[PDB]
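S.K.: Sequence and experimental coordinates follow.
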Amino acid sequence: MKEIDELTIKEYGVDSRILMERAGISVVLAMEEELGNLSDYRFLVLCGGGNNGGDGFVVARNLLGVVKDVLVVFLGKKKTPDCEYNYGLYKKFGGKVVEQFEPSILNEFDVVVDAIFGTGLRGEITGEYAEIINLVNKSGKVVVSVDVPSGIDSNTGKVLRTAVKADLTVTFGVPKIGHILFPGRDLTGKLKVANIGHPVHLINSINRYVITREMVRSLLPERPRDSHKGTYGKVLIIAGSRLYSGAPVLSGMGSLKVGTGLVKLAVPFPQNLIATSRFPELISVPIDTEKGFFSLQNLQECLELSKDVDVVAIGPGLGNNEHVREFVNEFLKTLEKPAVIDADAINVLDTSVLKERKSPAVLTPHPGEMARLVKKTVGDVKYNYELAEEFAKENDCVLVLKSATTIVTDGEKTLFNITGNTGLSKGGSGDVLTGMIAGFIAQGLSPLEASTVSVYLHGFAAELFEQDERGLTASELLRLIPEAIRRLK
Amino acid sequence: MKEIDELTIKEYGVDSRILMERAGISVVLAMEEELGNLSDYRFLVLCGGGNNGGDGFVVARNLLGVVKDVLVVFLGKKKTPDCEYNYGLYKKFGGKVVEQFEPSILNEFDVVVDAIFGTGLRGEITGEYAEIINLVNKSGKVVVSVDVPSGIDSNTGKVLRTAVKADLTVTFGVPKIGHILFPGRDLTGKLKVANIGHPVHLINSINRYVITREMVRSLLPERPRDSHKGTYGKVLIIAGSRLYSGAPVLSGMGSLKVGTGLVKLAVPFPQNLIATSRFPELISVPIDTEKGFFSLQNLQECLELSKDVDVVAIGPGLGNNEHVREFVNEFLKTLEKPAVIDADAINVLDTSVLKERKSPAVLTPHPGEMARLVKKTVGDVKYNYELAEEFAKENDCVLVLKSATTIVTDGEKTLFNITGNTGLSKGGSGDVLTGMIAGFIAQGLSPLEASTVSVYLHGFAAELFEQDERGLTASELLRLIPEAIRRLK
Amino acid sequence: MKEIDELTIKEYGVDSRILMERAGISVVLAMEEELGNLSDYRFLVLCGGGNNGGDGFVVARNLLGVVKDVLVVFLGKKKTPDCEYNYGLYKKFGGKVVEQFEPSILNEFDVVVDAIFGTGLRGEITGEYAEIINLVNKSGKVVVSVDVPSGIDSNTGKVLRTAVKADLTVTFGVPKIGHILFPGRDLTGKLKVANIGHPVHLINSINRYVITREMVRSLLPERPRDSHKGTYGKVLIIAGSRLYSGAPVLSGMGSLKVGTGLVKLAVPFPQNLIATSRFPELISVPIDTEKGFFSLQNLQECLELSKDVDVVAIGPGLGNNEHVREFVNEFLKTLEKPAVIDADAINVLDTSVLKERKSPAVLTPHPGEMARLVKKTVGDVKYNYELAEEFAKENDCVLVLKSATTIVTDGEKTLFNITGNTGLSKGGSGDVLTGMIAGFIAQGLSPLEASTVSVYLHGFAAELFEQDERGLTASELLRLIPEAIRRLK
Ligand SMILES: CC(C)(COP(=O)(O)OP(=O)(O)OC[C@H]1O[C@@H](n2cnc3c(N)ncnc32)[C@H](O)[C@@H]1OP(=O)(O)O)[C@@H](O)C(=O)NCCC(=O)NCCS
Ligand SMILES: CC(C)(COP(=O)(O)OP(=O)(O)OC[C@H]1O[C@@H](n2cnc3c(N)ncnc32)[C@H](O)[C@@H]1OP(=O)(O)O)[C@@H](O)C(=O)NCCC(=O)NCCS
Ligand SMILES: CC(C)(COP(=O)(O)OP(=O)(O)OC[C@H]1O[C@@H](n2cnc3c(N)ncnc32)[C@H](O)[C@@H]1OP(=O)(O)O)[C@@H](O)C(=O)NCCC(=O)NCCS
Ligand SMILES: CC(C)(COP(=O)(O)OP(=O)(O)OC[C@H]1O[C@@H](n2cnc3c(N)ncnc32)[C@H](O)[C@@H]1OP(=O)(O)O)[C@@H](O)C(=O)NCCC(=O)NCCS
Ligand SMILES: CC(C)(COP(=O)(O)OP(=O)(O)OC[C@H]1O[C@@H](n2cnc3c(N)ncnc32)[C@H](O)[C@@H]1OP(=O)(O)O)[C@@H](O)C(=O)NCCC(=O)NCCS
Ligand SMILES: CC(C)(COP(=O)(O)OP(=O)(O)OC[C@H]1O[C@@H](n2cnc3c(N)ncnc32)[C@H](O)[C@@H]1OP(=O)(O)O)[C@@H](O)C(=O)NCCC(=O)NCCS
Ligand SMILES: [K+]
Ligand SMILES: [K+]
Ligand SMILES: [K+]
């Protein structure tokens, strides 16, 4: 968007002052939408010397004569030209500016407008900026942040030593990565994205996206009336072990609940019988194993089972030992079908295999699994969308990096999912999503499309749970999938 | 509270007469709140010679001129000074006092105010006091008890030969143990605790507590949005046998339904497969046993399974034989994790093991199990909160002594739970609570906090069952846990 | 009530401290009833050195530990014993007292409790008490007055140089005259009268009363089913002139709307025809006059018309000239029926006539008319209930002194009416009330009873008007009378 503002001024010829005026009035309107009538409130506007501060002076000026009181505290040592222009207007209109933040000043105001730093912040916040931000956060006032809460790195969502906790953030043109990834997402509060007059073509030239309800609705496959089960695809799920007998069942029902026609599971005997006792609509093939885990002796049978399906999911509950590792890698190297690779299949995966496959794959790691896959620390991979993009491009796959905000990428397009809640931070949730992705691929969506629709619907289903989210289990999530689909439509 | 009244008079300087006036007016207001307008009712006030009787004279005097009729029957042979003072006022205001209870007098009155004995009662009630109390209980009149129903031992809740059955009890400052433990709890009817002017500091210096909704709400852990399953803890449940295959499943789901991230069960094969057939989100590890019960040969495996969890629960459905006893005690002596110890693990427990553990423990006996643990009779341990406190202090543990009123103590603080109903008097209920406690410990609550929140939520869930409580089963209780959490919030 | 408190302590033996405690707790409960939960508010308690201040210390002490903050500002130079006692308790309980009112202290509090002066105030408030009261009134805080707003003379309702404007006033035992007469009535805000333990016999020995709905309901006459018009009385109204043709009509309908059986008007021809054109149920007898006003030539006819009625009303719209004066006085001296004397009949009345009548009379002056009748200024008679009582006793009549608060007295019992609104400050309103009084006398109520019921119902009817009260007219008031009667029942 730094690019976007510059082209809009330099190539399109929109005066920088017009963009700044539109930015500020949009904050005023946003506030009115959340607070109702503004005339009873007293506003403290905290302005930096940059263009975020300039936007703050526009806000402040537009409140003059209309609200109970407005004061600007200017916290800068110099002003960008647009900030200087809007400072001068604020003062010409009769506005009061002070240059020293006295901690008790907070007592006399209802709303704090945070226009200290925007996307221009670089480096840790120190000194008196930090003391001020901390005082605002302890004040209990309503906080409205201009563009991004001050102290959030707009490219990453990390806190730069400290940051404002906003009730309402008003950003311009498009959301920033820092609104979408945590901790930034938490500090943003309610986000409104304001149209401030950039050409719609430039706004739409962005290559990273938030997954929206309208996007998912347009990707949901068609259900032709004259269909039969094969119309809706066939999935094989290779999953489970004597240790982990539940995973197959959750993956399988995840495929069925999204509309897949036929789902079969290959599960070590007698753990395969667990699935049909719970959901007799599943096909749960018994696999004769030596000690309760898949091994190379099961390679040929699993390849034969794969011949008559559209997609294969592998990994949930397989276990991780050397014999599973041999099986997984040899299977994936030979399988000429799309694969969804999760859990223990990721843990044992040789990435060389991904490079040599002709068929597509989707990988669904959490950050612990991603860290192991690229031999890095969890902190180095968590919310690292550039790493994810590089990995997907280098390995010719779709990568679905699960977290509260889920990143989906094929290395060219990257999508961020914000549906869900903490009830999904519980064993079994990932197994459901794996089945969902395979099911949608089986119905004819591309690996990327299937991943996009699935992460959104999985999170939206969680949110439809009727009692406290901490009590949500994967079994209940399964029941909520068709409701999420209905509500989406 | 004997202490509380004395310090309030002697150190704070509040006249004893002021406290007694406040006590009596609080009974009047309480009655109005339950009966509506008092002017249509005829009141029979039964006064002893102590301060409870004095409170009764205040009630009676305050009804004069405002209700249809008031009569006091004075049943004492002498009067405390405050009782004498309020007797004289009652008579000066025109009140009628008789000194002989004629059984037919009950016919002419609507409400009986029981001010015979309060917390001053010592020893069995005999003679004419007993005949009177029995006549009141056969009368079918509305009964309001001042402080405690006469005949209840306020320290224990036991009936002292006979006691008044009250519709409404109005007590002063704080509830008494006798309101909270049975049979006293039953005889109290609806309880109101009136503020009669003790300093809030003295009221708050009490070391025993009733577990309230506000206490539990403040202890419920946080659900940070940017979480993953490990944020919410990991539990291992060592449970079950060839005899008792259901217990593990109920304990495990009890952990999951309270928001725990990961739950694994160690259960003798093939009984472990029962769990995942019902709830495939559980991990149910098969343990190779000789004859269907844990023994020392499973010690090393269970220790290895414990390395990657936060808390271990042990006991439900283990069975009780010598080989289980060897396993339990050796496991607990070696385990360096918090333990929740229930059921058959309590039955075989060597308490020496508790003393030598560095890690904490919570024990969850019913009175039969407690009796066996301390080698006493059920009657000697039931509702024996002092024994429970001594046991917890001596063994460095939290003790959760289950009954209709549940006692939770670490030997310094003692909490009483009054949520629940008789649907919990059924097999499986305790197994659920064990999982709940372990789950909350795994989420970061202290053993005492986890026990407090769990007993309350377990009982409150029971009360949310929509049909007759006698039909409640543990499976339905599990379903109701997240609703109890929602309602609590 | 000074008497009442003293007898309750000295004869009945209630400790003065008990009465003061009950007074203060009643203010707390009253506040809770109006503000809801008190725990979120910060209270500033302003205490004088008298017993009102003592009551304030009780309030303050009872808020300690339960609300957000409590501060007492003590504004006195010495303390009554009970005030000293409750000051010491407040401090022992940890309460903060300051002895200097800093104007900015108001900023830190939500509720001001006014316990500066009660019924003990004598003389104009000067100096720093006045500055404080004025600051409280400019503060916009919620104000609760203990007993009476400080600065109101509790015997008269006059402001003693300045006074507190309360949102809520809590008084003890009975309302004071100062709550009922203006300006005091305005400054009182919402009034609650608290029972603080005086014997009901002493509370009921008061000889002045507020007219209540229950009193009026018990006085409303019976409507036996087997009745006929004569059962419900007959009224003659002597009223009107060529100047004032509407008055008769309003008086007449006032009698009919309260249930009178027969109403006839004697009105100068042709103004008599106005009445039946509007309400043909009236009998409107034409009286042949010389120049449009009653005179002595009409004396005999009016006496004949009076023979067959129960009550005669005279005065509305008669005009005031010498010939009307001759007629009125000679008529009233000869008439041996109860008379209701209003308006121009009062203006020309010789009070010697009242003394010599054997039959009763009710007089209904406004303060201008009363002033003329006793040859005093309006300021000397307005709300002067002692003058009214003396006048009624000396002249053997009921006096109904109309104003926003209406005084009704026969010289032994005095009643205050507080129903009504400013829509009654408009021509025609008084003419309606005159008809109402005559009607009720005709139905068998005593002059005093009829006056009591009428003033209440007249005011209550005004309040039932559905649109803005300033638009109420006498015609609409007439329509609302039967609704007031229904609502009363
Ligand atoms: C203009 C833009 C290209 C980036 O620069 P900018 O907007 O001026 O940047 P900000 O207002 O966020 O902040 C810049 C100021 O932050 C402060 N700053 C940055 N890092 C800091 C640090 N860690 N410690 C202290 N101060 C720091 C400085 O005051 C800095 O200027 P300075 O370093 O010369 O002192 C653009 O991305 C932008 O923020 N505008 C958004 C669009 C908009 O607001 N709409 C229209 C108006 S142009
Ligand atoms: C399943 C089992 C292996 C536990 O593993 P797990 O918790 O699922 O471990 P994972 O590979 O899935 O990785 C979890 C890690 O990924 C990372 N992680 C996952 N999601 C994350 C996110 N959103 N953000 C940050 N970190 C995240 C964290 O580091 C997490 O560690 P933590 O749980 O300690 O916080 C184990 O309980 C079991 O089922 N079997 C026990 C068998 C055994 O090993 N011993 C006995 C022999 S039979
Ligand atoms: C005062 C207090 C310290 C304890 O003593 P108390 O209140 O006078 O005691 P009670 O009114 O319950 O009863 C005392 C009387 O009970 C009766 N009594 C006790 N046991 C009895 C027995 N089993 N058989 C017959 N009578 C018995 C007696 O009449 C006894 O006095 P007595 O033994 O000398 O004859 C205090 O705990 C209390 O009960 N007051 C509660 C607080 C209160 O009421 N608010 C303010 C007023 S002080
Ligand atoms: C489970 C089994 C052992 C029955 O035991 P149980 O009822 O659960 O016995 P517990 O140890 O739990 O103790 C129950 C006692 O505790 C006490 N108790 C529990 N809660 C109490 C409370 N709230 N208040 C008072 N007493 C209480 C009572 O004494 C109760 O006895 P009661 O049921 O007779 O009234 C048995 O049915 C079984 O499952 N297996 C049978 C195996 C066998 O022994 N024989 C065949 C060989 S295979
Ligand atoms: C006690 C009672 C007989 C009258 O006296 P009182 O209550 O102490 O009087 P108040 O509190 O209203 O005020 C007395 C004080 O007002 C102040 N005062 C009166 N007129 C004043 C004036 N115009 N200028 C300054 N101060 C004045 C004084 O401080 C005076 O005492 P002081 O003249 O010796 O300095 C009684 O009518 C009363 O007010 N109590 C009501 C009942 C009650 O409160 N319930 C129970 C408690 S007793
Ligand atoms: C009716 C007419 C005489 C006006 O008189 P009125 O306002 O009704 O005068 P009243 O006798 O009723 O007395 C009103 C006074 O009583 C007092 N008053 C009434 N109620 C009061 C109360 N509640 N509190 C205080 N004062 C009150 C006031 O002093 C009031 O005076 P104000 O209206 O100036 O404030 C006149 O308009 C008229 O109808 N005819 C005009 C004839 C004339 O005189 N001249 C032409 C010759 S034909
Ligand atoms: K900002
Ligand atoms: K009692
Ligand atoms: K006052």
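M.R.: All right, it came through fine. Residues are numbered from 1 along each chain as shown, chains lettered A, B, ... in the order given. Ligands and ions are numbered 1, 2, ... in the order given.

S.K.: mind listing what the helix or strand hosting residue A:236 pairs with, with the direction of each?
M.R.: Element membership for residue A:236 (DSSP states H and E) is strand A:234-238. Strand A:234-238 pairs in its sheet with strand A:262-268 (parallel), strand A:311-314 (parallel), by DSSP bridges.

S.K.: What spatial separation is found between the residue lying closest to residue A:470 once chain neighbours are set aside and residue B:212?
M.R.: Leaving aside its chain neighbours, residue A:470 sits nearest to residue B:259 (3.1 Å; criterion: Cβ to Cβ, 6 or more residues apart in numbering or on different chains). No exception for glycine: its C-beta is placed from N, CA and C like everyone else's. Separation of residue B:259 from residue B:212 (Cβ to Cβ, to the nearest Å) stands at 21 Å.

S.K.: So which of the two has more stuff around it?
M.R.: Neighbour count, other Cβ atoms under 10 Å in any protein chain shown: between residue B:259 and residue B:212, residue B:259 has more, with 27 against 14.

S.K.: Let me know the distance separating the closest residue to chain B within chain A from ligand 2.
M.R.: Here chain A gets closest to chain B at one residue, residue A:471, 2.5 Å apart by Cβ to the nearest Cβ. According to Cβ to the nearest ligand atom, to the nearest Å, residue A:471 and ligand 2 sit 20 Å apart.

S.K.: so that residue touches residue B:479, yeah?
M.R.: No. Applying Cβ atoms under 8 Å as the test, residue A:471 and residue B:479 come out as separate, 9.0 Å apart.

S.K.: the more surrounded of the two?
M.R.: Taking neighbours as other Cβ under 10 Å, residue A:471 and residue B:479 compare with residue A:471 leading, 24 against 16.

S.K.: who touches that one in this structure?
M.R.: If you count contacts by Cβ atoms under 8 Å, 6 or more residues apart in numbering or on different chains, residue A:471 has them with A:423, A:465, B:257-259, B:481-483, B:485.

S.K.: out of those residues, which is most surrounded?
M.R.: residue B:258 (31 neighbours).

S.K.: State the distance from that one to residue B:454.
M.R.: Residue B:258 sits 7 Å away from residue B:454, going by Cβ to Cβ.

S.K.: hey, what's in contact with both of the two?
M.R.: Both residue B:258 and residue B:454 are contacted by B:436, B:440, under the criterion Cβ under 8 Å, 6+ apart.

S.K.: Got the phi and psi for residue A:183?
M.R.: Per-residue torsions, residue A:183: phi -80, psi -10 (degrees, to the nearest 10).

S.K.: Quick check: closest non-adjacent residue to it.
M.R.: Nearest residue to residue A:183 in three dimensions, chain neighbours excluded: residue A:159, at 5.5 Å (Cβ to Cβ, 6+ apart).

S.K.: In contact with that neighbour, which residues?
M.R.: Contacts of residue A:159 were listed using Cβ under 8 Å, 6+ apart, and they are A:151-153, A:183-184, A:187.

S.K.: And the strands in the stretch 101-250 of chain A, which stretches?
M.R.: For the stretch 101-250 of chain A, the strands defined by DSSP state E, counting those that start in this stretch occupy A:111-115, A:142-146, A:168-172, A:190-194, A:208-210, A:234-238.

S.K.: Can you convert these into JSON lines and add a column each for distance to residue C:50 and mean neighbour count?
M.R.: Shown next, in JSON lines, are those (distance: least, Cβ to Cβ, whole Å; neighbours: other Cβ atoms under 10 Å in any protein chain shown):
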{"stretch": "strand A:111-115", "distance to residue C:50": "45", "mean neighbour count": "28"}
{"stretch": "strand A:142-146", "distance to residue C:50": "45", "mean neighbour count": "27"}
{"stretch": "strand A:168-172", "distance to residue C:50": "53", "mean neighbour count": "26"}
{"stretch": "strand A:190-194", "distance to residue C:50": "55", "mean neighbour count": "17"}
{"stretch": "strand A:208-210", "distance to residue C:50": "69", "mean neighbour count": "16"}
{"stretch": "strand A:234-238", "distance to residue C:50": "86", "mean neighbour count": "29"}
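
S.K.: how about JSON lines for those, with distance to residue A:271 added?
M.R.: Below are the strands of the stretch 101-250 of chain A laid out as JSON lines (distance: least, Cβ to Cβ, whole Å):
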{"stretch": "strand A:111-115", "distance to residue A:271": "55"}
{"stretch": "strand A:142-146", "distance to residue A:271": "52"}
{"stretch": "strand A:168-172", "distance to residue A:271": "49"}
{"stretch": "strand A:190-194", "distance to residue A:271": "45"}
{"stretch": "strand A:208-210", "distance to residue A:271": "40"}
{"stretch": "strand A:234-238", "distance to residue A:271": "13"}
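
S.K.: Please identify which of the ones you listed is closest to ligand 6.
M.R.: strand A:111-115 (49.0 Å; Cβ to the nearest ligand atom).

S.K.: Give me the secondary structure label for the closest residue to ligand 2 within the stretch 301-450 of chain A.
M.R.: Residue nearest to ligand 2 within the stretch 301-450 of chain A (Cβ to the nearest ligand atom): residue A:368, separated by 2.0 Å. Assigned with DSSP: H, G, I helix; E, B strand; the rest coil, residue A:368 falls in the helix class.

S.K.: returning to what we had before: farthest-apart pair in the contacts of residue A:471, please.
M.R.: Greatest spatial distance in the contacts of residue A:471: A:465 and B:258, 14.8 Å, computed using Cβ to Cβ.

S.K.: Check which helices and strands the longest helix seen in chain A sits against.
M.R.: For chain A, the helix that runs over the most residues, judged by DSSP state H, is helix A:16-35. Packing partners of helix A:16-35 (3 or more Cβ pairs under 8 Å, 6 or more residues apart in numbering or on different chains; DSSP states H and E): helix A:2-10, helix A:51-63, helix A:81-92, strand A:111-115, strand A:142-146, strand A:168-172, strand A:190-194.

S.K.: could those be laid out in a markdown table, adding distance to ligand 5?
M.R.: Shown next, in a markdown table, are the helices and strands packed on helix A:16-35 (distance: least, Cβ to the nearest ligand atom, whole Å):
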| stretch | distance to ligand 5 |
| --- | --- |
| helix A:2-10 | 70 |
| helix A:51-63 | 47 |
| helix A:81-92 | 51 |
| strand A:111-115 | 44 |
| strand A:142-146 | 44 |
| strand A:168-172 | 51 |
| strand A:190-194 | 53 |
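
S.K.: now those as TSV including distance to chain B?
M.R.: Formatted as TSV, the helices and strands packed on helix A:16-35 follow (distance: least, Cβ to the nearest Cβ, whole Å):
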stretch	distance to chain B
helix A:2-10	27
helix A:51-63	25
helix A:81-92	34
strand A:111-115	21
strand A:142-146	18
strand A:168-172	16
strand A:190-194	14
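
S.K.: What does the closest residue in space to the residue of chain A closest to chain B that isn't next to it in sequence show for phi and psi?
M.R.: Spatial nearest neighbour of residue A:471, excluding adjacent residues (Cβ to Cβ, 6+ apart): residue B:482 at 2.5 Å. With angles defined as degrees, to the nearest 10, residue B:482 sits at phi -70, psi -30.

S.K.: Am I right that residue B:482 is in contact with residue B:254?
M.R.: No. Counting by Cβ under 8 Å, residue B:482 sits too far from residue B:254 to count as a contact (11.9 Å).

S.K.: so how far is ligand 5 from residue A:101?
M.R.: Residue A:101 sits 46 Å away from ligand 5, going by Cβ to the nearest ligand atom.

S.K.: these two touch, right, that residue and residue A:73?
M.R.: Yes. In this structure, residue A:101 is within contact of residue A:73 by Cβ under 8 Å, at 5.0 Å.

S.K.: shared neighbours of these two, anything?
M.R.: Here residue A:101 and residue A:73 have residue A:46 as joint contacts, going by Cβ under 8 Å, 6+ apart.
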